[PDB]
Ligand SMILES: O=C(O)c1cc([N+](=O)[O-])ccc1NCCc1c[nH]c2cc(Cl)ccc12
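Coming up is one lone chain in structure tokens, specifically the form deposited without the named molecule.
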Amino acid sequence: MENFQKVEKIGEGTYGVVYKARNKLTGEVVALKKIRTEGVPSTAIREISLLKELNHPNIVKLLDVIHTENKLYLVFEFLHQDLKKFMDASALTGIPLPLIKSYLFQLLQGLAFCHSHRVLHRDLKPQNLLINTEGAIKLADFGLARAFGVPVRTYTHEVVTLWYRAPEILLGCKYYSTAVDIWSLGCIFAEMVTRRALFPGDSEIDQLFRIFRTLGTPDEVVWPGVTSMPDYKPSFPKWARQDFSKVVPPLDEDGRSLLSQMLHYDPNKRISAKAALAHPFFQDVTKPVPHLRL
């Protein structure tokens, strides 16, 4: 809009270009996201308006929803870097465990908040986890997936990553529960620790099979009702579960215990954000300052 001066392009978003901009009135710097045409369905407008109310220290603040000239612009709080870039920058040495714990702890607080309001993300990934120089990490784009379905490709034709997608989604479950977000966060937790994506699938079946080879092909024992899901196939190969000691070294026993609970197949058995915050893994949690060189 005319009220904002585009400083620069932050990157390509799921729904449209993302710009760093300055409000010509408050002088504040923000993140402007254009959402991609008939006239914007009232459903999306109402949903997004509700998002302006779910405010939390670990949720990127939605400053304004600008709907003008039949176009949508979301104005968000600006943060200088995302977890994906931070992880890439810390490849040689890896994010210190204390910071990993702090980040997971804060992220769970964010999920617990949104989940308590029955709002889920559905597309959590390192790219939408933002951090600042003070040791904070925040979840970006929360609640947008429900307002605008998550596409296979972005407006730039970029392939939306499947790496953090929960198995119930891959198996065709039409109704998502807050458990999908815990799954994603579990995958992210494992990636920060090992410095390598847990399940880097490059297709839905490849993603599903990578999960199967690590956690074992799910059956009626560990996941009641799984064999009756839309995309389940009795012909799926049968792989045996691997031991977490092999999956995420050198994560200690508390970490492995919590990760296992965040990666449970049955969405109903998967640990909640609230319960995870009480896990012994966070007994010695602190808030370290990450070293960022902007």
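The term rigid core refers to the most C-alpha atoms you can superpose between the two forms while keeping them within 1.5 Å. In this text, residue numbers run from 1 along the sequence as written.
The same protein also has a form deposited with the named molecule bound, omitted here; what follows describes it.
Student: Run the clash test for me: the named molecule superposed onto this form using the site C-alphas, pose taken in the deposited bound form, blocked if at least 3 ligand atoms lie within 2.4 angstroms of backbone or C-beta, else open.
Tutor: After superposition, the named molecule runs into the main chain and C-betas, so blocked.
Student: Sort through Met192, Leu198, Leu171, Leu72 and report the residue having a heavy atom within 4.5 Å of the named molecule in the deposited bound form.
Tutor: Spelling it out, the residue with a heavy atom inside the cut-off is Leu72.
Student: Under a 4.5 angstroms heavy atom criterion, identify the one residue in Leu162, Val119, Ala136, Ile100 near the named molecule in the deposited bound form.
Tutor: Result of the distance check: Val119.
Student: For the interface check, one of 109-117, 90-98, 184-192, 202-210 should have non-hydrogen atoms within 4.5 Å of the named molecule in the deposited bound form; which one?
Tutor: Every other range fails; the passing one is 109-117.
Student: Kindly indicate whether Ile35, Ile48 and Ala145 are, all three, within 4.5 angstroms of the named molecule in the deposited bound form, using heavy atoms.
Tutor: All of them do, each having a heavy atom within 4.5 Å of the partner.
Student: Are any of the heavy atoms in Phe76 no more than 4.5 Å from a heavy atom of the named molecule in the deposited bound form?
Tutor: Taking the distances in the deposited bound form, the answer for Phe76 is yes, it comes within 4.5 Å of the named molecule.
Student: Wondering, does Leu258 line up within 4.5 Å of the named molecule in the deposited bound form on heavy atoms?
Tutor: No, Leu258 sits far enough from the named molecule in the deposited bound form that none of its heavy atoms falls within 4.5 Å.
Student: Taking the shortest heavy atom distance, is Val60 within 4.5 Å of the named molecule in the deposited bound form?
Tutor: Yes, contact at 4.5 Å.
Student: Is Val248 a contact residue for the named molecule in the deposited bound form, using a 4.5 Å heavy atom cut-off?
Tutor: No, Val248 sits far enough from the named molecule in the deposited bound form that none of its heavy atoms falls within 4.5 Å.
Student: Taking the rigid core as reference, which of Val150, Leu97, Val222, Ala89 is displaced at the C-alpha by at least 2 Å between the shown form and the other one?
Tutor: It is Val150.
Student: After core superposition, I'd like to know whether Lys24 moves between the shown form and the other one (criterion: C-alpha shift of 2 angstroms or more).
Tutor: Result for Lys24: yes, a 2 Å-plus shift.
Student: Core superposed first: is there a CA shift of 2 Å or greater at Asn70 between the shown form and the other one?
Tutor: Indeed, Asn70 is displaced by 2 Å or more.
Student: Rigid core aligned, does the Cα position of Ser42 differ by 2 Å or more between the shown form and the other one?
Tutor: Yes; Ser42 is a residue whose C-alpha shifts (by 2 Å or more) between the shown form and the other one when the cores are overlaid.
Student: Compared with this form, is the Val150-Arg195 Cα separation smaller or larger in the deposited bound form, the difference being 3 Å or more?
Tutor: They are farther apart; the C-alpha distance rises by 3 Å or more in the deposited bound form.
Student: Just say closer or farther for the C-alpha distance from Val150 to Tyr176 in the deposited bound form, relative to the shown form; it changes by 3 Å or more.
Tutor: Pair moves farther apart in the deposited bound form.
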